[PDB]
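Encoded as structure tokens, the following chain is the form deposited in one PDB entry, with no partner shown.
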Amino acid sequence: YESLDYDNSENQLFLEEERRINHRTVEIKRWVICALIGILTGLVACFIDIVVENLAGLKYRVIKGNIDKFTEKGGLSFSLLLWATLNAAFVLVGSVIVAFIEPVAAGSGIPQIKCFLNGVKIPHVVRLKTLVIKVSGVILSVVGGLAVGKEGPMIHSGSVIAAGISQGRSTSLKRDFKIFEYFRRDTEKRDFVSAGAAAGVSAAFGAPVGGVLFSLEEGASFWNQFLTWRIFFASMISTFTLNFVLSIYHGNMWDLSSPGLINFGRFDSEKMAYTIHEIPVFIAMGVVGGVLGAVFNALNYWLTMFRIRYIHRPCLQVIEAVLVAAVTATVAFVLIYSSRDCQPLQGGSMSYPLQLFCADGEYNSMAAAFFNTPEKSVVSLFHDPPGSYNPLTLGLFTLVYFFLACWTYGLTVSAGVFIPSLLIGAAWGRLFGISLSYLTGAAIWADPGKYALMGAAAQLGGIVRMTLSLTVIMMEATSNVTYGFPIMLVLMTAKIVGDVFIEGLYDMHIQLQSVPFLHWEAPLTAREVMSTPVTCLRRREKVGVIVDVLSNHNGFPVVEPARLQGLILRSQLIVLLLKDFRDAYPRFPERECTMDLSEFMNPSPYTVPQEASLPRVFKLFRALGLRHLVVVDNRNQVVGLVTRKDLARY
């Protein structure tokens, strides 16, 4: 796991080639590339939405057409084997390509992108092959009926698009595309990846400001005004492109009704209004979602720990996803078969109304929790009138989907747990509204669609412990400003009550790989956490030493006692053995001469003194995108060097 030098070199050749462009088309190209990132991320979101809609429509039409045929004849056992096989055939195809070709495209990409924006480079995270495999794999994973979502993998897809088109070079088609030539640093590419992950969040939920605050949480740096204004531009382009194309697919072009991939609706119907006296009630919900999120993360920790040791061959972790894909169908059919309540039409509240043993004008209502998208089930657990749900079928769908969503997340498929967490939470929140509207009688403040929202926020905050960006996504996705005050209380409590037990879902899976991962602040002076065998280098260095020092310490400070003069990298020494260092930028490759590296080295590296405290050396290293920090004496003698592996330990 290598780092990226987000601090720029600023050598003699950077200062010379900074001239003859100021002697301003570089700033225009950045806005052009950010507009391209927004358009391409919105179009990939449209492609996923359309293909998933049509393929899942075909599958549910085939499966429904075989249940309705076998009901009066009597062969319903052969209709279970159709849906146990149609699920196990899409998931078989969508898991061979993840286990055998690219295992970095497994799960949601949010831990990998979250480690990229700190600076850790997981080796194959932003290639084109990862984009192809993750897009087709999330399609085959959603169609094949796993208890997963599809909005989580939009962040990784958008940031892979952003790392791809910013370089202007494919490195997969063996092409050059002599157009950009300037944005091939690690200080530019990390900013473009930040804009792409923001556009991914914006198309995933319909919330551009939440995507900006997502990309500002990770990559905690100094404030850059123009960078955040480009990031906001890319997020707006992303939401607009998704909405504009999904309007002209439904054949209206005027309404623009779908800003993101999930659309919560409008929360202003005068039954939605809350009051101050139920502000304690919401706090109680934040405790319940903090307990249940800890149970989810604990049960998922003890299963990933099983799977790392015992199920790690690629053939043997394709077979596990096939069995989980068959078992979700089996448990769904068993709960559909044995249920009792039936229901007439409510105007498209089912979308595939299955009459199984009902009364010929009614339809089975356990089969409506299944056979829908989880999106439509969440949108209908909000906004429905009271009396719409039986507490037995809803509470038995809730209990089962919890364990199906907990047993599915560590699989080797492309997937996500936003929409599972929102559906687990909106279900017991809707049950909470039922018991409140039963205790108080037919009240008005006891609206179950108001408490389904607070339960979804509580469960999503308890599982994914994430507050500042998720609150803004919630407050913007419901389009009500007065709702942010209960929601951010609910997300505060669910963090606190969660963090006493277990870590957090995206953080536990960062820790379960040996990843450095600098945190927000320090949990000691610089003399304790440095590295004294530093092995510095002379300005007029006799070569032959350089090929022996280089043949683990990617950065070498340049000295001469021995006074500090600057830093040199491993890559620039190989290139010497400003457009040549950037030409050879992807994938860096007697004895007597002399090498005078006086015009290639960083002339002013950041240095901390020997007595400086740990929250001071950690503040500069985390905000400035540093990978090396020199510790000097009082006579500017270099003793010790601070890298990320020195700071990520404590």
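Heads up: residue numbers just count along the shown sequence, starting at 1.
What follows is about the form deposited with a small molecule bound, which we do not show.
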Residue among 579, 250, 553, 563 with a heavy atom within 4.5 Å of the small molecule in the deposited complex: 553
Candidate from 85, 435, 535, 224 lying within 4.5 Å of the small molecule in the deposited complex - any heavy atom: 535
Partner proximity in the deposited complex: residue 631 to the small molecule, non-hydrogen atom cutoff 4.5 Å: no
Partner proximity in the deposited complex: residue 304 to the small molecule, non-hydrogen atom cutoff 4.5 Å: no
is_contact(residue 531, the small molecule) in the deposited complex, heavy atom dist at most 4.5 Å: yes
Non-hydrogen atom contact residue 646 with the small molecule in the deposited complex at 4.5 angstroms: yes
